[PDB]
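Heads up, the chain below is alone and in the form deposited in one PDB entry; it's given as structure tokens.
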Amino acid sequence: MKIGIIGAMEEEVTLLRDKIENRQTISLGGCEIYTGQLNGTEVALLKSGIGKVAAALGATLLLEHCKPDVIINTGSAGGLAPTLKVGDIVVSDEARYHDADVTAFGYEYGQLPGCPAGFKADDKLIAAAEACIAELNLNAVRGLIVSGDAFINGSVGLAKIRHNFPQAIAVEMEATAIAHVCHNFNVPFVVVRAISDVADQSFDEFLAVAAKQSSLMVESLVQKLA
């Protein structure tokens, strides 16, 4: 089993990279992929690009060149569900584009031609991730994650998202693009995001902590799936 890891938190990627044994660095399309073993398990690690296309570019290179069995995609996200708190860890049951609209042709909002309305995370990965999170004494919340090429900052942006996806619990900029590429490559995936802020509610205190714990979560999830 080979596990692909795509992380958006630089510190998490560094922490994991430094732990890889027999580390090899592959440079393609302006991306760097680290391969080797993490506690005996073969892995392929990549720092996530920003936005749908850059994230898709890196994921495509990794999936094609390393051909992993599964993808674990980590990062941070803004919370949409009111019951969330900074530090919570959301686990995707599915991912949708909040900025895709071809409804004029009968497609469901957010759905793109040739794709399902939402991209489903693998049941086994979801369960394993949720178990690894609880073991670290952290709080995991399962649900719909939406993404788009926009940094949601104001009320209007949030309103549109909550209106189109009242069930969405988190939002960011790369999750659905990675799920989409994984879907097209028929590779199981799970998206996990530490909640950095909540829509209607310290930097280091969050990022320093989230990145470290996410890396431990990944290490634990890799061994579990192994």
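The numbering used is simple: start at 1 and walk along the sequence shown. Heads up, when I say rigid core I mean the largest set of C-alphas that superpose within 1.5 Å between the two forms.
There is another form of the same protein, the form deposited in another entry; it is not shown, and what comes next is about it.
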- Task: Determine, after fitting the two forms on their core, whether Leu221 shows a C-alpha shift of 2 Å or more between this form and the one not shown.
- Result: no
- Between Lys52 and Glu12, does the Cα distance in the other form come out closer or farther than in this form, changing by 3 Å or more? closer
- Closer or farther in the other form: C-alpha pair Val171, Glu12 (3 angstroms or more): closer
